[PDB]
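>>> Here is the sequence, then the experimental structure:
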Amino acid sequence: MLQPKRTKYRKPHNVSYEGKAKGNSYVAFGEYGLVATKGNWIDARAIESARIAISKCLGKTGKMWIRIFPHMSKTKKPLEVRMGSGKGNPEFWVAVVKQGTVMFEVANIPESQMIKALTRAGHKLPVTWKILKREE
Amino acid sequence: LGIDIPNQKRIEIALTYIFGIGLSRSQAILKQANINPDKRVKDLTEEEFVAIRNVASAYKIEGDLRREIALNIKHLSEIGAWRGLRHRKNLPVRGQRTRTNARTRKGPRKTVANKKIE
Amino acid sequence: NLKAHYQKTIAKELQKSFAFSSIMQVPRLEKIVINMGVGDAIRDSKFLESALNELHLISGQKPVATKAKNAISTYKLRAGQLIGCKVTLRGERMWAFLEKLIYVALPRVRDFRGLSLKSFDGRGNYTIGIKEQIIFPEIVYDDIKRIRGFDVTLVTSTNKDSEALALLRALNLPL
Amino acid sequence: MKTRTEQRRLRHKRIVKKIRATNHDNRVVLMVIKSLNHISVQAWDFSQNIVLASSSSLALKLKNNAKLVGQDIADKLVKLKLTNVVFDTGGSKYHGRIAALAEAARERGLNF
Amino acid sequence: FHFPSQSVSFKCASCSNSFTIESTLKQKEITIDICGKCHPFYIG
Amino acid sequence: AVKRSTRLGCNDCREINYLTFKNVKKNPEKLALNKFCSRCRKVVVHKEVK
RNA sequence: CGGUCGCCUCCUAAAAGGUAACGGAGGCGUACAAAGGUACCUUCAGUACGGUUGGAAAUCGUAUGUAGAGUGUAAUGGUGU
RNA sequence: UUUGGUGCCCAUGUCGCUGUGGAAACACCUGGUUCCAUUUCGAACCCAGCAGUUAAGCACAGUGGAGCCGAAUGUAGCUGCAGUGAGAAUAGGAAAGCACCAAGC
RNA sequence: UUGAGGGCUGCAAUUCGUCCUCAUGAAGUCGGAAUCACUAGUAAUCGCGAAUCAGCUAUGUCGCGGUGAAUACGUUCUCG
């Protein structure tokens, strides 16, 4: 899906997925921002679903920027495997999201549509959502 | 300009080696000056070489003739006409009919197939 | 001597024309370099010795050939395989080469349409390319079959090349 | 890149670094500079980083070849009672007047 | 050390002038059809 | 895996001094070294052998 | 049944070191009378510019360029007179 | 007092600009039979002389142009729910300095 | 072939006339299968006239005249 077309190493480390935030502690481009209240990994399927839903309910009248991206890939060995004999096999690409980070910032449309879109995207993402309003 | 001569043969034909000056002006100048070109020798001396070249430059210069023909062709092709498009695509302009003739500018004969019939 | 006339007249003329308050701000030509480049045979058309020998004959300095600084992809040329020649000359040989060029080379050109409009790099360097092997007063017609041109460059102690144009104009240069 | 003088400074620096590092014996280095008008010589003993002796053609002579500019400082060396120096060529080559001053140092029984 | 060098005169009879710093080392006072004094872009 | 061995030995007493290597591909030529010799107790030219 | 059985570089591997798998990666059964030692002197890769053959890349000239070549080589570290 | 060299320290030392002066010196410069020499040449090295030079490099004053260093709070991190102290950003700094000899003091 | 200048035809020459002069001189150093022609003025070859006619690179056609060959053993194989 939406992922780098090249990568030097097939098998990276899992993720150092604990912690609160490493950058992106603020809304930058949009007017309403989504805040994650859980740190885990999100696959590209849900990300694509949320992006399509947001583009459907918003269009190009406004604009929403995504501050995260599936920079990582993951491996998962198939069933009926005896422990050992090499590592697993790559399956997909994933994005780590830490509790207290921003990933969607939307602007150029009234506030109610922003709130509705953020609620719909949050109910599409596994992570529990929080809303933030941009201020200068 | 001063070095285009075959070795050890008549100067009157040796002068025509330049791309743009033929046997007419060369012989006309030569017999007007009455130099009596030598037989089977590349050249006699250079006492008149500069003079012969100065006199020949009066007619025209072959290298300058290259530019003259180039600008003539360019100006002929710039103006919207059958001549310009005909010369642009390198085809015979003089009106001769062409079916499979005039095979000097079209390169080698090139064909693949045609319409068959049973 | 062209060099004597230069150093006795042109330096003072340029000092009077361009205010310097110092007799050594006038641009002075340092050296000339000659190189050809060979790309007709893999390692031997005439073994390149013809051009080296004629340059040796025409110049007072021994010719030398450069090595392959870069790996060549078009042809199998790596780690040497000398192509072209290199001669860096100064002193009286420089002036001899200059006077051959200003009175024989350009006059021996079949047709000329002027020069010295943009032959600069913007940093005080000038260049001349010649398309004929037999253009010099010292060259034999019997040589390598293919006629070969040459490239030379001129540089001074400064980079204000406008004054170089003015000086060369004072030294028999087409405009 | 090269001013014909700063490159001399760098060459002299690398030579004295070589002397300092490769030679671990306590010895004063006789550094000689070949100026375009005359020649100067100085002495530098490490572990103190000061000058022990010096000579040139300003306070002792007028111009250059003359070997005198050696003996005096050579005398200065025997006035220091060490006579064990390492001869630095500086930004020059051992030849001509450099060899002349080396011979002048040798004839005074200096160890180098 | 090098090829035997020398100094020979040059002569442009077309422009009727002679100059001398160096020339070909095996011939004396070679002749040319045109020089820098008869240059087509310097004569008024 | 490769065999480059050659034995440099003295000539005045025919010793077997030093085992060394030299590429036969570049040149199959004898190399005359100058090294120390015990039975001569001095630096002499050693020659190569199989 | 399959893979390996020895040697060496990096991460795993807990800021010395040490430290597992049928972990992730990689190379090895070398080369060399020169790619050795010593003395001499010399210092980038590249980019832009200007040039007959002559290419995005041939060589030179002018600079800028501070590590982005090279120091046999799979890798590491160091390596800018 | 400065100038010349020198190591020391290898940027808060750098690369750049505006002016200053070289009379003694340093530098350029004058040339290349010869000491020596050019991967190729008085390019470079080297010989013997200072006609001219403050223009080139050398420096001194300014230039915060670029490069570069970097205050505190808070904060990341952690050792038992307190301590510990960050980095980055930020005020800003930023036109080297320390010794020896030598000439004019 | 390309380009320039003169001259002619016809009301008119760009589509598409022609001639001359001048500038250039593509290829080609006898061509593979197939093969046409004629038994003496013959082949081959050097020229001229008529036609269509304002113009007509038709080297075409109809003729004219000059110079002037080779072989023929054969009908077995090729065609009728």
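Now that the structure is in, tell me what you want to look at. Numbers count the residues shown, from 1 in each chain, chains lettered A, B, ... in the order given.

>>> okay, which residue is most central for chain F?
Nearest to the mean C-alpha position of chain F, by Cα atoms, centre = their mean, lies residue F:8 at 1.6 Å.

>>> Could you double-check that it sits in contact with residue F:44?
No - checked against Cβ atoms under 8 Å, the pair residue F:8 and residue F:44 is beyond contact range at 11.2 Å. Every residue, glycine included, has its C-beta placed from N, CA and C.

>>> Now do the shared contacts for the two.
Common neighbours of residue F:8 and residue F:44, using Cβ atoms under 8 Å, 6 or more residues apart in numbering or on different chains, are residue F:35.

>>> hmm, back to that, does the residue nearest to the centre of chain F have any beta-bridge partners, and if so which?
residue F:18, residue F:48 (DSSP bridges).

>>> And it, how far from residue F:27?
Distance of residue F:8 to residue F:27, computed by Cβ to Cβ, to the nearest Å: 16 Å.

>>> Residue C:99 now?
51 Å.

>>> higher neighbour count, the two?
residue C:99 (22 against 9; other Cβ atoms under 10 Å in any protein chain shown).

>>> need the contact list for residue B:107.
Residue B:107 neighbours (Cβ under 8 Å, 6+ apart): none.

>>> now residue A:106
A:30-33, A:54, A:58, A:62-65, A:114, A:117-118.

>>> 6 Å instead, please
A:30, A:32, A:64, A:114 (Cβ atoms under 6 Å, 6 or more residues apart in numbering or on different chains).

>>> Regarding the last one, what is its secondary structure?
The three-state assignment at residue A:114 reads helix, by DSSP: H, G, I helix; E, B strand; the rest coil.

>>> how many other residues sit next to the closest residue to it other than its chain neighbours?
Counting by Cβ to Cβ, 6 or more residues apart in numbering or on different chains, residue A:32 is the residue found nearest to residue A:114 once chain neighbours are left out, at 3.9 Å. Residues within reach of residue A:32, counting by other Cβ under 10 Å, total 22.

>>> if we take the contacts of residue A:106, which one ends up nearest to residue C:25?
residue A:30 (62.6 Å; Cβ to Cβ).

>>> Could you check how many residues crowd around the closest residue to residue C:124 other than its chain neighbours?
Residue nearest to residue C:124 in three dimensions, not counting chain neighbours: residue C:159, with 3.5 Å by Cβ to Cβ, 6+ apart. Neighbour count of residue C:159, defined by other Cβ under 10 Å: 15.

>>> same question, residue D:90
Every residue meeting other Cβ under 10 Å relative to residue D:90 is counted, giving 22.

>>> Do I have it right that it meets residue D:33?
Yes - look at residue D:90 against residue D:33 with Cβ atoms under 6 Å: they come within range, at 5.1 Å.

>>> Verify the contact between the residue nearest to residue A:114 and residue A:112 for me.
No - when contacts are counted by Cβ under 6 Å, residue A:32 is not listed as touching residue A:112 (10.4 Å).

>>> where do the strands sit along chain E?
E:9-12, E:17-20, E:30-31 (DSSP state E).

>>> Any idea which residue of chain C lies closest to chain B?
Closest contact between chain C and chain B, by Cβ to the nearest Cβ, is at residue C:111 (3.8 Å).

>>> Helix, strand, or coil at that residue?
Residue C:111 - assigned by three-state DSSP - is coil.

>>> number of nearby residues for it?
12.

>>> How about it, nearest residue that isn't a chain neighbour?
Spatially, and ignoring its direct neighbours in sequence, residue C:111 is nearest to residue B:63 (3.8 Å; Cβ to Cβ, 6+ apart).
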